[PDB]
Amino acid sequence: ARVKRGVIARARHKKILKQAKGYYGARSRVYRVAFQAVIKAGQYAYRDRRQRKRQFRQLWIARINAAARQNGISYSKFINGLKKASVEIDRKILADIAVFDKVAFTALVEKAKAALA
Amino acid sequence: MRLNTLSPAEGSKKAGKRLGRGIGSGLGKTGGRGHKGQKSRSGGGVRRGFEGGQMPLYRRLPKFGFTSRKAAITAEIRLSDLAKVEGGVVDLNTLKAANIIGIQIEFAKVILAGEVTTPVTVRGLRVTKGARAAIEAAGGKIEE
Amino acid sequence: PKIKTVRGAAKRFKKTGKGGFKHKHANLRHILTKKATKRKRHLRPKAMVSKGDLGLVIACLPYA
Amino acid sequence: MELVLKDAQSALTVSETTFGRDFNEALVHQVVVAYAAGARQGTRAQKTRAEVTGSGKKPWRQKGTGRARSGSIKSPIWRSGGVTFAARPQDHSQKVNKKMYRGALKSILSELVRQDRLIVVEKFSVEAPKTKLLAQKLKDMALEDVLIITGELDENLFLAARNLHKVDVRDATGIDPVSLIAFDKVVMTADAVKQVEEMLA
RNA sequence: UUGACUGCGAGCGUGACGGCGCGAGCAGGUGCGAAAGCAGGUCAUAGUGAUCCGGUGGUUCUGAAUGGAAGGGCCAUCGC
RNA sequence: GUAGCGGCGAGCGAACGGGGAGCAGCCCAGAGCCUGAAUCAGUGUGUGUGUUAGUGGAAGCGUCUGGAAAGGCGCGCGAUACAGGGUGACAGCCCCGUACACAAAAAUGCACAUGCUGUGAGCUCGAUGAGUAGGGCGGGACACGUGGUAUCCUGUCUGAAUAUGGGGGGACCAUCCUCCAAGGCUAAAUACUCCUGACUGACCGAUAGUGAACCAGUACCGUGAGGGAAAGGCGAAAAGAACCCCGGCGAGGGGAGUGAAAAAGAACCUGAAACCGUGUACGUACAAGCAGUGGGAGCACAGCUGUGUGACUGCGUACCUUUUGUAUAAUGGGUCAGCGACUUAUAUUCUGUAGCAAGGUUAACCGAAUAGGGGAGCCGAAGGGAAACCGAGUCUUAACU
Ligand SMILES: [K+]
Ligand SMILES: [K+]
Ligand SMILES: [K+]
Ligand SMILES: [K+]
Ligand SMILES: [K+]
Ligand SMILES: [K+]
Ligand SMILES: [K+]
Ligand SMILES: [K+]
Ligand SMILES: [K+]
Ligand SMILES: [K+]
Ligand SMILES: [K+]
Ligand SMILES: [K+]
Ligand SMILES: [K+]
Ligand SMILES: [K+]
Ligand SMILES: [K+]
Ligand SMILES: [K+]
Ligand SMILES: [K+]
Ligand SMILES: [K+]
Ligand SMILES: [Mg+2]
Ligand SMILES: [Mg+2]
Ligand SMILES: [Mg+2]
Ligand SMILES: [Mg+2]
Ligand SMILES: [Mg+2]
Ligand SMILES: [Mg+2]
Ligand SMILES: [Mg+2]
Ligand SMILES: [Mg+2]
Ligand SMILES: [Mg+2]
Ligand SMILES: [Mg+2]
Ligand SMILES: [Mg+2]
Ligand SMILES: [Mg+2]
Ligand SMILES: [Mg+2]
Ligand SMILES: [Mg+2]
Ligand SMILES: [Mg+2]
Ligand SMILES: [Mg+2]
Ligand SMILES: [Mg+2]
Ligand SMILES: [Mg+2]
Ligand SMILES: [Mg+2]
Ligand SMILES: [Mg+2]
Ligand SMILES: [Mg+2]
Ligand SMILES: [Mg+2]
Ligand SMILES: [Mg+2]
Ligand SMILES: [Mg+2]
Ligand SMILES: [Mg+2]
Ligand SMILES: [Mg+2]
Ligand SMILES: [Mg+2]
Ligand SMILES: [Mg+2]
Ligand SMILES: [Mg+2]
Ligand SMILES: [Mg+2]
Ligand SMILES: [Mg+2]
Ligand SMILES: [Mg+2]
Ligand SMILES: [Mg+2]
Ligand SMILES: [Mg+2]
Ligand SMILES: [Mg+2]
Ligand SMILES: [Mg+2]
Ligand SMILES: [Mg+2]
Ligand SMILES: [Mg+2]
Ligand SMILES: [Mg+2]
């Protein structure tokens, strides 16, 4: 029962090379190189699902800080004020409101200031 | 019941280990041999008894005893075997015919093992004290 | 082919009922005058092979 | 236990141990596999590095050439080299305990009866050794793929069945586990049933 | 004066193992002591070497047709 | 894998006895008798029966698809033949076969029958293997390494008795049992396959399988012995491309034509990958690093989503191996494709599973039998003791609390 490997080996190589589309030079052409590239791409993607949550929160905070300071209060005091006021809106939404509805954002700032006053 | 509806019992057929077929298998690369040394090598491994050069156990202990030739031609008969002979006369030859003792056995002892219900005449064999009691209790007799 | 007994081991070990092995003690061949009688008397009877050693003995005596 | 005849519409008393036992799939499986293993011829080989034709000359010196070290043109690593673990002719036959063989047969026969695949008849014969006759007879009985087990191997019946690929004609002594399962229907003559009983006690 | 005893030993210590160590008490026979008792070497911890082969003495074992014997075993002990 | 042998190490490893296959006994060391008688042999002739060429050998049409039918569908027929091969696709019925039945002028094998020649059986009376057995010395073979070591062989030196005798029974002696050396022949069961025929394969399918599917032990290499490749596939059929055109009366190409198909056109089935191009979209000439990943505009495009691209930006030093530890400036890899490493046999132990169960199971072999026979054996149901031996006990001890 001799088994030839061609058909199965071809399929496996092709699967890796399809995942390496768009990569530079040997990385999209040559199986040895592409296999390493696709593994590394997978490792980064795993890491980056975690980092993505950090990068967005960091962005929301920076934006909230800008808008809060336009309304005469720092991020740190603003968040403290909202907590004392029992407002439970999250940073994603605050950052959204800071950009799109500045009047509503000012209302939140006033709410926060009152809770500190 | 068709040739393509028969199945082995669950657990009866375990797949063998296949070494050196990749990471996922759990037996890839070194194939369960670990790293380097004599035991990792093809044909590697030390002989039976070898303890690294320390005098092996079977050499640091003394030989003892001798082998009896008489023991080889001596057998023991259970009470349970007395019923398996033909005629109800247990002698050396009837025990052989009944495949109880080997062809080259010259001496045989009946021992207290199992039970004897029927009466049997034991002739020519040695019989233990306990076996003598059992045979006589069952109505048998022991001839010397 | 059939496994071969280590013939030297078969002259030193004998299998007992529960499947252990008995052996004779070392240190009673000679230089006996200097040894205490108590020491010698305790070396006379056969002893059982220890747990650590059984594996080795069993390997040597496949037909024991 | 009674087996209803087809032609005579009588009854036939048979052993319940033989024809009425439970189906032991694991047992039957082992015996069927063993039977197929027994059919294997096992005739093949390849050449090891010892058997490939060529000299024992070292292709190039151990050191200095910048090449991987080589010992033999016949190494299994090389094109045209030996097969690492070259096959030899093998015997694939397995032992089947006598009692497991008989146990399997009883399971199979009992299962045929439960599935109404066993048909008992008083007689089964053809006048002349003519395939046409046997073909007609089976068409009358609404049979097609059938194993026919007679007591005495009728030579006429044997010759009439030779060219019918779906039909097989055995004597009671020559029944085998795989055949019993392989065919859609099994027709046994009353005589054969008696013989099979005696054969399986 | 010969307990530097003979047969044993509940139990325990210490070793990977081979081993090494402590031990009341039991049987036999002994010494000392009026007796209770004590004694299986020495205040204790070094003073040593496995197995194989061989030697010497003993032995209610074995003894290659049988009776013996040789040789083997077992117990004691020795040698390089 | 026992008894043994064995730096009692590594290892080596019987026999007795049992079950089977097969079976067969004879002659010379010598004359008489018998007579050419058993018997085989040689050489003829017969009769069967092989082999070496051969002969006959059943039964199908319609319609649909297709380049082509043997395919689909419908309705038939043969089968002691549905093994197999071929035929424009995968055919019981088109062809060659197959089952089955027949066949030899000539040569020849084998088995029987029978002429002839040679052959001496049978009976009687004898005879009964000497530089031999044995021994000393040195070696060797026996499972046995000289050991307490029997038996066998003999290079060397010796040397019996001879049936009232002699050999062997594992030192040796006695007794008993058993056999008769120093002369020879002998079928079968057993071993093997350069070679011939037939058939078979959970054997390979062109880097496999023979080194060799092919004009291969060739080309080629070597003074020589010797070493030793690569290399298969157009199509059903050559119908293998008339003729025209560019070109050097080229190569190569474009038409035409053939064909089901010529991106089947001979560098010919399929026709992957590396590698190299042409075209289109998007990006890219102020920009620093494993080249991705997360975020992300813009542009192009197809139905707000999809697809391609990816300015800018967070994070981010390949893989394997070896190591206390490797981005390591330690190892290995130019890339792709193909191949390339825990197997097989037997024994042994444990686990799972199945059968049977104080039993379980057969080996060789017989059997046409994967059946059935075959229980020779093996393992288990009893141990203790070095052993004799005793035995649910036994050993130790004078004896055990
Ligand atoms: K596993
Ligand atoms: K392992
Ligand atoms: K080749
Ligand atoms: K048939
Ligand atoms: K048709
Ligand atoms: K086709
Ligand atoms: K055909
Ligand atoms: K001589
Ligand atoms: K070659
Ligand atoms: K083509
Ligand atoms: K980036
Ligand atoms: K490496
Ligand atoms: K290193
Ligand atoms: K280096
Ligand atoms: K290769
Ligand atoms: K196993
Ligand atoms: K099992
Ligand atoms: K006891
Ligand atoms: Mg294949
Ligand atoms: Mg692991
Ligand atoms: Mg390694
Ligand atoms: Mg290491
Ligand atoms: Mg290791
Ligand atoms: Mg090696
Ligand atoms: Mg040393
Ligand atoms: Mg027997
Ligand atoms: Mg001693
Ligand atoms: Mg050489
Ligand atoms: Mg090859
Ligand atoms: Mg059988
Ligand atoms: Mg003192
Ligand atoms: Mg004797
Ligand atoms: Mg003798
Ligand atoms: Mg025809
Ligand atoms: Mg075609
Ligand atoms: Mg002689
Ligand atoms: Mg001589
Ligand atoms: Mg001699
Ligand atoms: Mg000599
Ligand atoms: Mg002699
Ligand atoms: Mg190919
Ligand atoms: Mg080839
Ligand atoms: Mg041209
Ligand atoms: Mg077509
Ligand atoms: Mg084709
Ligand atoms: Mg092509
Ligand atoms: Mg391509
Ligand atoms: Mg720029
Ligand atoms: Mg740069
Ligand atoms: Mg970075
Ligand atoms: Mg280092
Ligand atoms: Mg690092
Ligand atoms: Mg560098
Ligand atoms: Mg490096
Ligand atoms: Mg290195
Ligand atoms: Mg390199
Ligand atoms: Mg016993």
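By convention in this document, chain letters (A, B, ...) are assigned in the order of the sequence lines, proteins followed by strands, and residues within each chain are numbered from 1. FYI, side chains are in, hydrogens and waters are out, and symmetry mates aren't considered; it's all heavy atoms of this structure.
In this step of the strand, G40(E) does not stack on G41(E), since the centres of their six-membered base rings are not under 5.5 Å apart with ring planes meeting at under 30°. In this strand, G228(F) does not stack on its neighbour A229(F) when judged by six-membered ring centres under 5.5 Å apart and planes inclined by less than 30°. No stacking contact links strand neighbours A262(F) and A263(F) by the limits of base ring centres under 5.5 angstrom apart and planes under 30 degrees. For the pair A288(F) and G289(F), the rule of 5.5 Å between ring centres and 30° between base planes classifies them as not stacked. Judged by ring centres under 5.5 angstrom apart and ring planes under 30 degrees, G147(F) does not stack on its strand neighbour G148(F).
Across all strands shown, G314(F) forms a Watson-Crick or G-U wobble pair, both distances under 3.5 Å, with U293(F). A229(F) is unpaired under the criterion used here, namely a Watson-Crick or G-U wobble arrangement in which both key atom distances are under 3.5 Å. In this structure, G11(E) forms a base pair with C22(E), meeting either the Watson-Crick or the G-U wobble geometry with both donor-acceptor distances under 3.5 Å. As the counterpart of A113(F), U45(F) is assigned, both hydrogen-bonding distances of the Watson-Crick or G-U wobble pattern falling under 3.5 Å. Here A285(F) sits opposite no nucleotide as a Watson-Crick or G-U wobble pair (both hydrogen-bonding atom distances under 3.5 Å). Searching all strands for a Watson-Crick or G-U wobble partner of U128(F) with both distances below 3.5 Å returns nothing.
Residues meeting the salt bridge (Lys or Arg N to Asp or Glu O under 4.0 Å) test with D171(D), sequence neighbours left out: none.
With respect to the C1'-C2'-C3'-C4' torsion, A216(F) shows a south sugar, the value lying on the negative side. In this entry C290(F) carries a south-puckered sugar, per its negative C1'-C2'-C3'-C4' angle.
Separation of the P atoms belonging to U396(F) and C389(F) is 15 Å when rounded to the nearest angstrom. Distance check on atom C1': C12(E) versus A24(E) gives 11 Å, rounded to whole Å. Atom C1' of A382(F) sits at a distance of 8 Å from the matching atom of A392(F), rounded to the whole Å. Taking atom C1' in both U60(E) and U56(E), the straight-line distance is 23 Å, to the nearest Å. Comparing the same atom, P, in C290(F) and in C315(F) gives a spacing of 13 Å after rounding to whole Å. Atom name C1', nucleotides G235(F) and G265(F): the rounded distance is 11 Å, in whole Å. Using atom P as the reference point in both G166(F) and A161(F), the two lie 10 Å apart (nearest Å). Separating the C1' atom of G84(F) from that of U52(F) is a span of 26 Å, rounded to the nearest Å.
A cation-pi arrangement is found for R50(A) relative to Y46(A), the charged atom lying closer than 6.0 Å to the ring centre and inside a 45° cone about the ring normal. Taking the ring centre of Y44(A) as origin, the terminal cationic atom of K40(A) falls inside the region bounded by 6.0 Å and 45° from the ring axis. Stacking of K70(B) on the aromatic ring of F107(B) is recorded, both the 6.0 Å distance cut-off and the 45° axial limit being met. The cationic atom of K14(C) (NZ for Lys, CZ for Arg) lies less than 6.0 Å from the six-membered ring centre of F64(B) and within 45° of the ring axis.
Protein chain C contacts RNA chain F from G1(F) to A386(F), reading 5' to 3' and using non-hydrogen atoms of the protein with a distance under 4.0 Å.
Using a 4.0 Å heavy-atom cutoff across all strands shown, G42(D) reaches sugar-phosphate atoms only and no base atom. Heavy atoms of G103(D) sit nowhere under 4.0 angstrom from any nucleic acid atom. Nucleic acid contact class of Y23(A) (heavy atoms, under 4.0 Å, all strands): sugar-phosphate only. Counting any heavy atom pair closer than 4.0 Å across all strands shown, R49(A) reaches no nucleic acid atom. At a threshold of 4.0 angstrom between heavy atoms, the contacts of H42(C) include nucleobase atoms, whether or not backbone atoms are also involved. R29(C) comes within 4.0 angstrom of a nucleotide base, judged by non-hydrogen atoms across all strands. Nucleic acid contact class of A86(D) (heavy atoms, under 4.0 Å, all strands): none. Within the nucleic acid shown, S55(D) comes within 4.0 Å of sugar-phosphate atoms alone, with no base atom in reach, counting heavy atoms only. Backbone-only engagement by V6(C) is indicated by non-hydrogen atom pairs under 4.0 Å involving sugar-phosphate atoms exclusively. If you check every strand for non-hydrogen atoms under 4.0 Å, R102(D) touches sugar and phosphate atoms only.
Between the P atom of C52(E) and the OH atom of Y58(B) lies a distance of 14 Å, rounded to the nearest Å. One interatomic measurement links the two molecules: NZ of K35(C) to P of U48(E), which rounds to 10 Å at whole-angstrom precision.
Interatomic distance, CD of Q94(D) versus CZ of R40(D), reported as 10.0 Å (0.5 Å rounding). A distance of 8.5 Å separates CZ of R18(B) from OG of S25(B), quoted to the nearest 0.5 Å. The distance from the OG atom of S72(D) to the NZ atom of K58(D) is 10.0 Å, given to the nearest 0.5 Å. With rounding to the nearest 0.5 Å, the separation of OG in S80(D) from NZ in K47(D) is 13.0 Å.
An OP1 or OP2 oxygen of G9(E) is reached within less than 4.0 angstrom by no side-chain nitrogen or oxygen of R41(C). For the pair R39(C) and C20(E), the criterion of a side-chain N or O lying under 4.0 Å from OP1 or OP2 is met. In terms of phosphate contacts, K38(C) brings no side-chain nitrogen or oxygen within less than 4.0 Å of OP1 or OP2 of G7(E). Put simply, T33(C) has a side-chain N or O that comes within less than 4.0 Å of OP1 or OP2 on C78(E).
Base orientation of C315(F): anti, the glycosidic angle falling outside 90° of 0. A64(E) has its base anti relative to the sugar, with a glycosidic angle deviating from 0 by more than 90°. Taking the syn range as angles within 90° of 0, the glycosidic angle of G165(F) is outside it, so the base is anti. In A89(F) the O4'-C1'-N dihedral to the base is within 90° of 0, which defines a syn nucleotide. Annotated as anti: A318(F), whose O4'-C1'-N torsion sits more than 90° from 0.
Against RNA chain F, the stretch residues 10-18 of chain B makes heavy-atom approaches under 4.0 Å through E10(B), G11(B), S12(B).
Within the 4.5 Å cutoff, the side chain of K194(D) has no heavy atoms near those of the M188(D) side chain. Taking 4.5 Å as the limit, some side-chain heavy atom of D176(D) sits within range of a side-chain heavy atom of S179(D). With a 4.5 Å cut-off on side-chain heavy atoms, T74(B) and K109(B) do not count as touching.
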Stepwise side chain to side chain contact (heavy atoms under 4.5 Å, CB included) check, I31(C) with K34(C): CA-CA 7 Å; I31(C) 314 163; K34(C) 68 173 57 171; 3.5 Å; yes
Verdict with supporting geometry, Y23(A) and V33(A), side chain to side chain contact (heavy atoms under 4.5 Å, CB included): CA-CA 10 Å; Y23(A) 296 175; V33(A) 182; over 6 Å; no
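Nearest-nucleotide assignment on RNA chain E puts the 5′-proximal partner with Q54(B), out of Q54(B) and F66(B). Each of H30(C) and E51(B) has a nearest nucleotide on RNA chain E; the 5'-most of these lies closest to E51(B).
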